[PDB]
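Engineer: I'd like to ask some things about the structure below.
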Amino acid sequence: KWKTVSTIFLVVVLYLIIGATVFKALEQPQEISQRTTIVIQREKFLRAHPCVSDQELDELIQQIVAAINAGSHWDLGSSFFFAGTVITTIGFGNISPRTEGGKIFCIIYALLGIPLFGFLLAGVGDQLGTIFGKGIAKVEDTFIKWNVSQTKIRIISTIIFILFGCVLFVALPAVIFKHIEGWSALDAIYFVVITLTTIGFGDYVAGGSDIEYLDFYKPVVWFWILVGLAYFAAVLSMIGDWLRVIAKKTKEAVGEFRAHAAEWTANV
Amino acid sequence: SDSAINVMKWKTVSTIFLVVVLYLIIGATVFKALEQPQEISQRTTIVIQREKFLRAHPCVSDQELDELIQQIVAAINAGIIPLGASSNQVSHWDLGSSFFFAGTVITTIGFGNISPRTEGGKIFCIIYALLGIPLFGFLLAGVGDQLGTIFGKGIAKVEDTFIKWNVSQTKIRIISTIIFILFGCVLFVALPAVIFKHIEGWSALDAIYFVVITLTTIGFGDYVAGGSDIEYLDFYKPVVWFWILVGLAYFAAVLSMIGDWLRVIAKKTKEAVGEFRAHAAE
Ligand SMILES: CCCCCCCCCCCC
Ligand SMILES: CCCCCCCCCCCC
Ligand SMILES: CCCCCCCCCCCC
Ligand SMILES: CCCCCCCCCCCC
Ligand SMILES: CCCCCCCC
Ligand SMILES: [K+]
Ligand SMILES: [K+]
Ligand SMILES: [K+]
Ligand SMILES: [K+]
Ligand SMILES: [K+]
């Protein structure tokens, strides 16, 4: 009977409107500054090099505009890492197929590989899940007979998951990425989130911009991803549970308010 | 009992792990066979345009050309139009684009054609994702249940007119899943691809490629329905993410049906090797 999706639908729409207004408040200023200071860089180069004329720069730009479509790529290791992006639905896009066949293979490779990877992430999920269950069984005895109650220890135990988790799956890889690709502190944490949330903008990739890295690095990246995906999958599911709790709390909250509001009001 | 099953599970994981590794190696070799030819041709014919413009204009800084290209490469990472004319442009963070950017984030599509450059925009995106991604999941779940039981209406009337004599309900489940994919790929794949073909000017394969990459939430961003500037009625850009909302629910079922098919084929090829290695030509 009750739809109940309508209330969710409008929360998501409003959530997109808020984010939209926040992003164009955060980004359009530095969009202005970049684009205005590029015409300075161009008008600098029309003057500083009279060798190039007004039309001949435009010819060069459009060859780089055509170079956008392509840019060694697709080597023995890169195409291996490309396939990892597809089945995990990360899809950084820094490497994308250009052949008509490459597209069709990728379409078929995704429709069959994405379900395949799901079973691995599920097994790695169970594997990771019961390993942490061994760590908390030791912790759920030593200070659990002592004062604090088990209905409240559920709070202490979940803190240690996120604390110890963001160390291994977020902190350590970001520190490593900071000292290998030379990223900033935020770039590395931004990359970790964008990677393990499967958003994968591709603006930061541990394999692109490829001057220095060895064969001990590019395997550990995807291996980190495999296990890290399982971590956020739990995290992004715990956060969902928090939203389910808050949703029920605020559903009955309007319940009691609109209970007493119409209660006194109806009395004549 | 308690950890006897766990030994039986890491042996399951190890077998899956290697199937995925083999599957990645196969795809790898196929892609670098499909793509690296067209990489070689593009890489060699750009050094021709390189050396063409190295001689033809000697009085340009011969080595600072690369310095200019990289400044344009860095400018490519933003929404630029660096030309002599057309020095006014449109904003990629306008009222509508940032709305569509947020749709990419919570759906974990993330086309990346528009990405935040401010350190604040990054941190908001990080917080916007970790809270928005779970949020969207409930909408897609509700739209999933909503779509699911709407199709349950249409199949209920059809699964009665198809009740002739000697019909087997275990095999009518085969007929019913065909009409799901048939009508499914029409409304959620065929019709939007045909529309994208006539609006974005794409080819037939580009549009179907885009639909898959979008609704499989891979989202390379090499094709985006709202990346160029062509006309965009703005009855169009809302229907795009609205299509995505319901289309994601469709592949979510499809990519789950395919998973079940692989679970069946896994058991069949499990016992197929049992039959083979049990006998071995008697
Ligand atoms: C241009 C037409 C492309 C058709 C691709 C069909 C691929 C079917 C794959 C089925 C995977 C289960
Ligand atoms: C060294 C500076 C790193 C600061 C990273 C800030 C990220 C804020 C995340 C907010 C968590 C809810
Ligand atoms: C019935 C739907 C109401 C759910 C309201 C959820 C509000 C989430 C607040 C998150 C802000 C950080
Ligand atoms: C981003 C915070 C959104 C807050 C929306 C609150 C909506 C209240 C839901 C009431 C449901 C009965
Ligand atoms: C690409 C499918 C590999 C099949 C391996 C089967 C091993 C039992
Ligand atoms: K790019
Ligand atoms: K994804
Ligand atoms: K992506
Ligand atoms: K993605
Ligand atoms: K991308």
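To be explicit about the labels: the chains of the structure tokens are called A, B, and onward in the order shown, and within each one the residues are counted from 1, while ligands get numbers from 1 in the order they are shown.
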Can I get the residues of chain B within 9 Å of ligand 2, each with the closest pair of atoms and their distance in Å to one decimal, using only C-alpha atoms and all ligand atoms, sorted chain first then ascending number, as a Markdown table?
Structural biologist:
| residue | atom | partner | partner_atom_place_in_ligand_line | distance |
| --- | --- | --- | --- | --- |
| B:122 | CA | ligand 2 | 7 (C) | 8.9 |
| B:123 | CA | ligand 2 | 7 (C) | 5.8 |
| B:124 | CA | ligand 2 | 8 (C) | 8.2 |
| B:126 | CA | ligand 2 | 9 (C) | 6.8 |
| B:127 | CA | ligand 2 | 12 (C) | 5.8 |
| B:130 | CA | ligand 2 | 12 (C) | 8.2 |
Engineer: Take the residues from that selection and put them in a file with N, CA, C and O atoms, as a compact mmCIF listing (two decimals), in the first residue's frame.
Structural biologist:
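File written: again-v2.txt
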# COMPACT_ATOMS: atom_id res chain seq x y z
N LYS B 122 37.14 19.10 -2.62
CA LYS B 122 37.53 17.72 -2.39
C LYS B 122 36.98 17.21 -1.07
O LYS B 122 36.37 16.14 -1.00
N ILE B 123 37.17 17.99 0.00
CA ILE B 123 36.77 17.54 1.33
C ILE B 123 35.25 17.47 1.43
O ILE B 123 34.71 16.55 2.06
N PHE B 124 34.54 18.41 0.81
CA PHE B 124 33.09 18.29 0.75
C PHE B 124 32.68 17.04 -0.01
O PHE B 124 31.82 16.28 0.43
N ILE B 126 34.37 14.30 -0.36
CA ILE B 126 34.65 13.15 0.51
C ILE B 126 33.51 12.96 1.51
O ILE B 126 33.00 11.85 1.69
N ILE B 127 33.09 14.05 2.16
CA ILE B 127 31.99 13.96 3.11
C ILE B 127 30.67 13.78 2.38
O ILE B 127 29.77 13.07 2.86
N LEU B 130 30.61 9.84 1.40
CA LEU B 130 30.47 8.90 2.50
C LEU B 130 29.09 8.96 3.16
O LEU B 130 28.69 7.99 3.81
Engineer: Return as a short mmCIF file (atom, residue, chain, number, x, y, z; two decimals) with C-alpha atoms, in the first residue's frame the residues of protein, DNA or RNA that approach ligand 10 to within 12 Å, with only C-alpha atoms and all ligand atoms taken into account.
Structural biologist:
data_model
loop_
_atom_site.label_atom_id
_atom_site.label_comp_id
_atom_site.auth_asym_id
_atom_site.auth_seq_id
_atom_site.Cartn_x
_atom_site.Cartn_y
_atom_site.Cartn_z
CA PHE A 82 42.24 -1.55 -16.77
CA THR A 85 38.72 -0.98 -12.99
CA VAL A 86 35.93 -2.53 -15.08
CA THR A 89 33.05 -0.72 -11.44
CA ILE A 90 35.71 1.81 -10.43
CA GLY A 91 36.53 2.75 -14.03
CA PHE A 92 39.07 5.54 -13.58
CA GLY A 93 38.82 6.21 -17.32
CA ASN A 94 42.41 7.42 -17.72
CA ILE A 95 42.67 4.35 -19.97
CA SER A 96 39.53 3.79 -22.06
CA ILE A 194 37.27 7.97 -4.48
CA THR A 195 38.90 4.58 -5.14
CA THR A 198 34.05 2.97 -6.34
CA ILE A 199 33.31 6.51 -7.56
CA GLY A 200 36.64 6.60 -9.40
CA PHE A 201 36.72 10.02 -11.05
CA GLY A 202 40.17 9.19 -12.40
CA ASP A 203 41.51 12.66 -11.61
CA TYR A 204 43.98 10.85 -9.33
CA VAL A 205 45.20 7.35 -10.21
CA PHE B 101 28.03 16.15 -10.64
CA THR B 104 27.65 11.01 -10.28
CA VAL B 105 29.03 10.95 -6.73
CA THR B 108 29.31 6.03 -7.57
CA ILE B 109 29.29 6.56 -11.33
CA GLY B 110 31.72 9.49 -11.18
CA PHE B 111 32.24 10.31 -14.85
CA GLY B 112 35.04 12.66 -13.82
CA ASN B 113 34.59 15.08 -16.72
CA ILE B 114 33.79 17.54 -13.91
CA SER B 115 35.97 17.03 -10.82
CA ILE B 213 29.11 2.09 -18.81
CA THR B 214 26.57 4.36 -17.11
CA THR B 217 28.18 2.26 -12.72
CA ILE B 218 31.64 1.90 -14.23
CA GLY B 219 31.47 5.43 -15.63
CA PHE B 220 34.70 5.94 -17.57
CA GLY B 221 33.49 9.40 -18.57
CA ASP B 222 34.76 9.03 -22.14
CA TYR B 223 31.11 9.49 -23.13
CA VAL B 224 28.77 11.66 -21.06
#
Engineer: For chain A, which residues have at least one atom within 7 Å of chain B, if we go by only C-alpha atoms? Write them as a VMD selection string, please.
Structural biologist: chain A and resid 5 8 to 9 12 16 to 17 19 to 20 23 to 24 26 to 28 30 35 49 51 to 52 54 58 74 to 75 79 to 80 83 to 84 86 89 to 93 96 to 99 101 to 103 107 111 to 112 115 to 117 120 123 190 193 197 to 203 236 to 237 239 to 240
Engineer: Counting only C-alpha atoms and all ligand atoms, name the residues that have an atom within 8 Å of an atom of ligand 4; the answer should be given as a VMD selection string.
Structural biologist: chain A and resid 7 11 14 to 15 18 247 250 to 252 254
Engineer: From a DSSP calculation on the backbone, collect every residue of segment 60-213 of chain B in alpha helix (DSSP H) and output the set as an MDAnalysis selection string.
Structural biologist: chainID B and resid 64:76 97:106 119:161 169:185 191:199 204:213
Engineer: Of the candidates A:88, A:53, A:63, A:36, which one gets nearest to ligand 8 if we count only C-alpha atoms and all ligand atoms?
Structural biologist: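 Closest to ligand 8 of all the choices is A:88.
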Engineer: Can you tell me which residues surround residue 157 of chain A at a distance of at most 9 Å, considering only C-alpha atoms, apart from same-chain residues fewer than 3 positions away, and format the answer as a list in words?
Structural biologist: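 Contacts, in chain order: residues 136, 139, 140, 153, 154, 160 and 161 of chain A.
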Engineer: Output the selection as a tab-separated table (two decimals), in the first residue's frame - N, CA, C and O atoms for each residue.
Structural biologist:
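Output file again_19.tsv follows:
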chain	number	residue	atom	x	y	z
A	136	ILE	N	37.89	-9.09	17.99
A	136	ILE	CA	36.97	-8.56	18.98
A	136	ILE	C	36.57	-9.58	20.04
A	136	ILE	O	36.21	-9.19	21.16
A	139	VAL	N	38.80	-8.98	22.64
A	139	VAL	CA	38.55	-7.68	23.26
A	139	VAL	C	37.21	-7.67	24.00
A	139	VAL	O	37.05	-6.95	25.00
A	140	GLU	N	36.24	-8.48	23.57
A	140	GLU	CA	34.94	-8.53	24.21
A	140	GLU	C	34.91	-9.40	25.47
A	140	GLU	O	33.83	-9.84	25.87
A	153	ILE	N	28.68	-1.72	25.17
A	153	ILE	CA	29.93	-2.12	24.53
A	153	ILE	C	29.79	-2.21	23.02
A	153	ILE	O	30.78	-2.05	22.29
A	154	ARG	N	28.57	-2.42	22.52
A	154	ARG	CA	28.33	-2.36	21.09
A	154	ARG	C	28.82	-1.04	20.50
A	154	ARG	O	29.20	-0.98	19.33
A	160	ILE	N	36.33	0.79	17.50
A	160	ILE	CA	37.63	0.18	17.23
A	160	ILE	C	37.69	-0.36	15.80
A	160	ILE	O	38.77	-0.42	15.20
A	161	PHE	N	36.54	-0.75	15.23
A	161	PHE	CA	36.51	-1.14	13.83
A	161	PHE	C	36.91	0.02	12.93
A	161	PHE	O	37.82	-0.09	12.10
Engineer: How far is it from atom CA of residue 201 of chain B to atom CA of residue 230 of chain B, in Å with one decimal?
Structural biologist: 9.7 Å
Engineer: Extract, using only C-alpha atoms, all DNA, RNA and protein residues at most 12 Å from residue 177 of chain A, discarding same-chain residues fewer than 3 positions from it, and format them as a VMD selection string.
Structural biologist: chain A and resid 170 to 174 180 to 192 204 to 207 213 217 to 218 220 to 221 224
Engineer: In Å, rounded to a single decimal, give me how far atom CA of residue 129 of chain A is from atom CA of residue 215 of chain A.
Structural biologist: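 We find that atom CA of residue 215 of chain A and atom CA of residue 129 of chain A lie 29.5 Å from each other.
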Engineer: Counting only C-alpha atoms and all ligand atoms, figure out which residue out of A:44, A:31, A:166, A:196 gets nearest to ligand 8.
Structural biologist: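 Selected residue with least distance to ligand 8: A:196.
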